[PDB]
There are 2 protein chains.
Amino acid sequence: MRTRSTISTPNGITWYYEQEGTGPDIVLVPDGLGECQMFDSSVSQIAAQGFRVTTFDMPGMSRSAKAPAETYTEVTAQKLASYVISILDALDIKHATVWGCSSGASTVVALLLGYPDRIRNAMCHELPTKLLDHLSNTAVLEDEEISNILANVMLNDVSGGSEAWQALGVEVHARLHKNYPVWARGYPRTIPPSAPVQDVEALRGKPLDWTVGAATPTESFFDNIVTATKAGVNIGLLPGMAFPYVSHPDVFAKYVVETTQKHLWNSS
Amino acid sequence: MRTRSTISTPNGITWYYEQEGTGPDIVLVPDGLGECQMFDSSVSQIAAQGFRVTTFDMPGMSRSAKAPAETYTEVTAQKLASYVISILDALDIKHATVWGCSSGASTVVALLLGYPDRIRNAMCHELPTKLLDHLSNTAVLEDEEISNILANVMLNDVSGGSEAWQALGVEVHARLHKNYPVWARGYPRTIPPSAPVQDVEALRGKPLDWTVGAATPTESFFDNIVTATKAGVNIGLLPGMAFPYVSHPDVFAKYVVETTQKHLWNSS
Ligand SMILES: C[C@H]1CCC[C@H](O)CCC/C=C/c2cc(O)cc(O)c2C(=O)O1
Ligand SMILES: C[C@H]1CCC[C@H](O)CCC/C=C/c2cc(O)cc(O)c2C(=O)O1
Ligand SMILES: [K+]
Ligand SMILES: [K+]
């Protein structure tokens, strides 16, 4: 029942995408590692509740690696939002609910603010607003050093579930290993300053639902909680840390379904 | 230069207390374990900056165990605030800066709201507003099982620094061993519903500075961040988790001194 295919957009990207289901559109934007197999279980669970679910690998990452250098260097939320709109145009997805974590969170907030006619509602998770020198400094290391360091960071610091993270399996981890240097050189120095949360009044009254991982250390996304509360944006928790779609796929799928259903009711 | 002594208040409590220094009064209220030796390093560092620092074991706990049963059963923030005001009266402390963590945080907010003429400013850390069935349920266990469970929780889950926690020493841990069952039977079922946070407008404009541990899991005091933000109260982080005065005594002492100095400037 799942489409697994490629589609090229006029900006030069050849995307790998997956799609399952019929009904209102839900789009699952990856985190910075750009790997959509992390959504595999949840895509089926969400689609089974009466939705068309689309996901894709991000430009320069995994099976979307055929893309111009501009799309994976000096990456900002606004650049990513432009690219996501390009694939939604190519797939004739006019109105979408969107999810994203980390750089994907920045992307979906930029999508909602910049393309209000295209986005029904956005779910943002763990939106990075601060530069972290220990991550930025990986960009000048050799590729294999980057991959070794960031594979360890993902498993031990932010996966939210080491067994589930490892159970993604060798094929996924081999694609992540190749993505780490692309992410390191393109994302950590330029994503946080691009965060679309400087203007709290621009967030007020928008169809935005914000989450942070329940187990994430308080210091990581303290600023998200403050910002969301100042803007009156609905803010809450999901189990685990940065990858609830990996660590807790059934809870993640339920959250996406219930939040989409809440906005379909409010839309009427 | 440390005074270590006792004082009896007409509510029936014989307090063990310590005092060091000369200057404006700073009072360090313990967390629910009621053990003021946890402040030993910080008391000297704060006092050295030109303050009179007072701390004490809490009623029923450690060396303040000569107290009526009503002071260590069915404990609320409002009962604890009344007890702290009784020792401040006995020591002729008319105007005080106060610190407290956990039940101590509920106590110092209740102090600031209930006794505004007595409290220059309050620092609250990790204020418990939710009932936790796994803690409430320890109250029906045998004393030795309560002590084994809670000693493990403090050391391995929430110390913010296991080496520093162990280095409190054998005599402190022997006192804590006896306090665990008193705390379990008197605190977790009644402290959270007593939280002086139901009226957000009552906190607005008050000289309150709120913190959460940077390493504490987000879910534990997410609600504190939301409430402080809604009230416009200054909210930030200390290193560690529930016991910054044990895990990071110098950082804790600098925070207490700088916060006190900020309110002495605002006062004038
Ligand atoms: C893979 C994902 C993990 C997030 C973990 C946690 O949510 C955040 C801690 C690690 C930070 C990751 C990050 C930083 C940044 O500046 C830009 C980014 O795209 C990311 C990112 O996408 O990190
Ligand atoms: C000992 C201290 C540890 C705080 C750990 C963390 O700050 C909070 C997790 C454990 C809960 C603490 C707690 C709950 C409560 O209902 C009443 C209390 O007096 C406390 C309390 O003082 O906890
Ligand atoms: K699950
Ligand atoms: K320290």
Side-chain angles (χ1 to χ4, degrees), chain A residues 30-33 38-39 41-42 99-105 123-130 132 134-135 150-168 176 209-229 234-256 259, chain B residues 102 125-135 152-162 211-226 235 237-244 247:
Chain A
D31 55 81
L33 304 183
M38 290 188 191
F39 296 120
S41 171
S42 299
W99 156 278
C101 172
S102 196
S103 50
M123 283 159 282
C124 60
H125 186 80
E126 293 197 355
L127 197 160
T129 65
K130 301 167 141 63
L132 293 176
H134 77 274
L135 292 181
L150 292 182
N152 189 266
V153 169
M154 299 302 142
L155 169 59
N156 290 121
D157 296 340
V158 294
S159 66
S162 61
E163 178 173 353
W165 183 257
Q166 290 304 108
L168 289 170
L176 299 177
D209 291 273
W210 199 326
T211 48
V212 173
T216 296
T218 294
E219 63 170 319
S220 297
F221 297 96
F222 174 95
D223 68 278
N224 285 196
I225 301 162
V226 172
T227 295
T229 300
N234 176 53
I235 183 133
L237 304 170
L238 290 172
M241 292 198 186
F243 299 93
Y245 36 99
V246 180
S247 62
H248 301 77
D250 297 17
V251 176
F252 173 75
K254 190 182 184 175
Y255 170 70
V256 169
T259 301
Chain B
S102 200
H125 186 78
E126 291 193 355
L127 199 159
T129 64
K130 297 177 169 171
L131 291 170
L132 295 184
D133 288 354
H134 75 277
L135 291 178
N152 180 68
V153 167
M154 304 307 148
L155 167 68
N156 290 316
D157 297 345
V158 295
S159 67
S162 60
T211 48
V212 173
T216 298
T218 295
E219 63 179 347
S220 299
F221 299 94
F222 174 90
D223 68 274
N224 288 198
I225 303 165
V226 170
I235 180 100
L237 299 175
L238 289 172
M241 287 195 194
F243 299 95
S247 61

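In what follows, chains are A, B, ... by sequence order, proteins preceding strands, each numbered from 1.
- Scanning for side-chain contact (heavy atoms from CB on, under 4.5 Å) contacts around A:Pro128 gives A:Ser102, A:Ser106, A:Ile191, with sequence neighbours left out.
- In this structure, A:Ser103 contributes its side chain and A:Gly32 its backbone to a donor-acceptor pair below 3.5 Å.
- Contact check for A:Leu135 versus A:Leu150: side-chain heavy atoms found under the 4.5 Å cut-off.
- Here the closest heavy-atom approach between residue A:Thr211 and residue A:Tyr255 is recorded as CG2-OH, 3.5 Å.
- When all heavy atoms of B:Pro239 and B:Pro244 are compared, the closest pair comes out as O-CB, 3.9 Å.
- To the nearest 0.5 Å, the span separating CZ on A:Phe252 from OG on A:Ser42 amounts to 5.5 Å.
- For the residue pair A:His125 and A:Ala105, the shortest heavy atom distance occurs at O-CB, 3.3 Å.
- With a 4.5 Å cut-off on side-chain heavy atoms, A:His248 and A:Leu238 do not count as touching.
- Note that the OG1 atom of A:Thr259 and the CG atom of A:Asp209 stand 5.0 Å from one another [nearest 0.5 Å].
- What you find for B:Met241 and B:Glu126 is that their closest heavy atoms are O-OE2, 3.6 Å.
- No side-chain heavy atom of B:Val212 sits under 4.5 Å from any side-chain heavy atom of A:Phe222.
- Side-chain contact between A:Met38 and A:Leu168: present, with at least one pair of heavy atoms (C-beta onward) separated by less than 4.5 Å.
- You'll find the side chain of A:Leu176 reaches within 4.5 Å of the side chain of A:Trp165, heavy atoms only.
- Shortest non-hydrogen contact noted between A:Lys130 and A:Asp223 is NZ-CB, 3.7 Å.
- Taking 4.5 Å as the limit, some side-chain heavy atom of A:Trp210 sits within range of a side-chain heavy atom of A:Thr227.
- Every residue was checked against the side-chain hydrogen bond (donor to acceptor under 3.5 Å, both in side chains) condition with B:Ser162, not counting sequence neighbours, and none meets it.
- The shortest side-chain heavy-atom distance between A:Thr229 and A:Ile235 falls under the 4.5 Å cut-off.
- What you find for A:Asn224 and A:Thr129 is that their closest heavy atoms are ND2-CG2, 4.3 Å.
- Put simply, the side chain of B:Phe221 does not reach to within 4.5 Å of the side chain of A:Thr218, judged on heavy atoms.
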